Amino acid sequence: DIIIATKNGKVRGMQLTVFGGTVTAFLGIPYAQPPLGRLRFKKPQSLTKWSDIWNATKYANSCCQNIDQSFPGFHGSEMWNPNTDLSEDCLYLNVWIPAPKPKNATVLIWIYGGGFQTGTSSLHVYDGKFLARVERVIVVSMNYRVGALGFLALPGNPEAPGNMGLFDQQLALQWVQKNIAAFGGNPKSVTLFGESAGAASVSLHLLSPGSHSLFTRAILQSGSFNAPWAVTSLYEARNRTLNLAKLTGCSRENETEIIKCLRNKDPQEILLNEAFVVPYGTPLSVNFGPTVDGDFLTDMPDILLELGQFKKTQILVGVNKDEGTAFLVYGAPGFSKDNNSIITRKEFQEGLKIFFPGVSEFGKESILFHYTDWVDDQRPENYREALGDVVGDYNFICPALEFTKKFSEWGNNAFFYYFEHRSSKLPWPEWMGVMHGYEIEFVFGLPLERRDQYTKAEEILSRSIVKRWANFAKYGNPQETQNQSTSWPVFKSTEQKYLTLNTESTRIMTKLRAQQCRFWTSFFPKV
C-alpha cells in the first residue's frame, strides 16, 4: 500500500509488475480546479486541496474532442482515439515511479500530439511504466484542453484570452516543481518530451518566460512551433471566434456577451461547429491553436527564435522518414489505405489543391516543378511518392531542421535524428512507409515486452533509443556508451550532422533534405 503526501493532499497509487520488477503508478491526480461553468475558456485555476486519500488508481476523463470516424473498426486510426470518457472535467496527470522509490530521480514529462484539437495521456503508446522500470526515471504526463475549449481567442480579454491549453501544461509543470520530490523525483532535472502538436508545445515552452524555470531540457519529436500549422495569427483567431459565435447563434456586439453566451452552449454544440469556423480546411487544419497572446507568448515566435530570445539549454530534435503519407488518405483523390494508391499527374495536381487551399496557382505550379523532375525510370509510383514528400517536407521536416539550425546558432548543443524503421506490426499499408507517429512506441519501450510480437531486431532498437533518451534527460548527451554504438555528434549550422535510427547500423549523415528545404524555407514563404 503506497500513500504519498502532496501539498494538496494524500494520494494512493497501485503496484504493477513489469519485467519481473515493480513500478508504482499514480493515474489521474488532479492538478487544477475543473474548468467548468464560469471557468470555461479561462486560464486554469490552482488546486484547492482535499483531505482523506485521493485514489489515483485509474486514468481520468479525457478532454472534450471530436473523434476520428474515417475507418471504424481499423486499429491504425482507432488506436489514436480517446480511451476514457470525455468531459470538461479533464485536468489530471499521471506519475510512474520505480520501486523501490528512487532517491532523486530524473523526470520525463510527456506532452501528447493531436493537432491541438485531440489527444489524451492514457493511450497505450504513452504508457510510462516501461521507462520507469528500465531506466529508473520518473515519467509524468498530463491532460490539457484542446479545440475551442482550449484555444478559443478574443485577444486581450481574460474571459477568453487564448492559449489556455498551453497554460494547463504550464500549471502541470508547476505541480511537478512543487510536488515531485515527495515521489522521489529531482525537480532540478526535468525533461519535457512530445510528438507533433506536443513537440510544438515543448518548443513554445522554450520561448515562454513563465515556463523558463519549470524544466531543464527538451525533446522534440516531429514538430516545432515554426511548422506552418502551429500558430494562429491574431486576425484568423478573431475571425474564427466570431465565426463560431455566428454558427452557434451567439453573435453579440459586446464581446464579453459572446463569451457569456458560448459558456451556455453545451460541449457537443461547440465541437460540432469547430470544423466550419474556416472556409476551406485540409487534413492538417488546426482550427483553434496557439496565438500570440501577450502572456504565454510575448511576440511573434519567428522573431524570438531569430533574435535569440529563448531558454538556453540542450535540445534533441527528430523526424520520421515518411511523415506526410498518413494525411493523404484523408482527402487526396486516388489515395486509399486499401490499395497501392498509384495516382496520375492530374490527381497529384488535385492533391495540391487539397493541401494548399490557396496559395496562388503560381504557388502550386512551383511545388510541382520542384517535386516532379523525375530521374527517372517512370516509375508508376512517382507521383504517389512525390505527394507524401511534399506534405512531409513542408509540414514537419524542413520546419524541424530550421528550428534546429537557428536554436543551435546561439551556442547550445543540439542533436538531430532521422527515424527510418517501419514497425513489423504496422496496420497501415506498405506504401505508407515509416509513418508519422510510429516512433513513439519505440521511445516508450513497448517492443521490450517480448510477449508482444515485435521482432528481436526491434527489441534491440527500442532498448537503444530508450537509453539514448534517458541519457539525454539525465546528462544532456544522447549516447549509448556501452555497446560500442555510433556516437551521436552535435548538430551545428554549417555541417548539419544527424543520426539515423534503424535496426541495422545507424549512420552519421549531413544536410538532410538540403535541396527540398531550400525550396520551402527560402522561396515558398514568398508566394
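Numbering starts at 1 and follows the sequence shown.
In the other compared entries of this protein that model both flanking residues, residue 302 has coordinates in every one, well short of a third left out. The records show that residue 420 is included in the coordinate set of every other eligible entry of this protein, so it is not omitted in a third of them. For the pair 375 to 383 and 303 to 311, the mean Cα B-factor is higher in 375 to 383. When the two stretches 270 to 278 and 134 to 142 are set side by side, the higher mean Cα temperature factor goes to 270 to 278. Looking at 473, 465, 56, 63, the one whose CA carries the top B-factor in the deposited record is 56. Highest CA B-factor among the listed residues (420, 409, 441, 236): 236. Sort the chain's modelled residues by C-alpha temperature factor and residue 188 lands in the middle third, per the entry. Remark: residue 90 belongs to the middle third of its chain, ranked by C-alpha B-factor as recorded. Sort the modelled residues of the chain by CA B factor and residue 499 lands in the lowest third. For residue 254, the recorded CA temperature factor ranks within the highest third of the chain's modelled residues. Sort the chain's modelled residues by C-alpha temperature factor and residue 333 lands in the highest third, per the entry.
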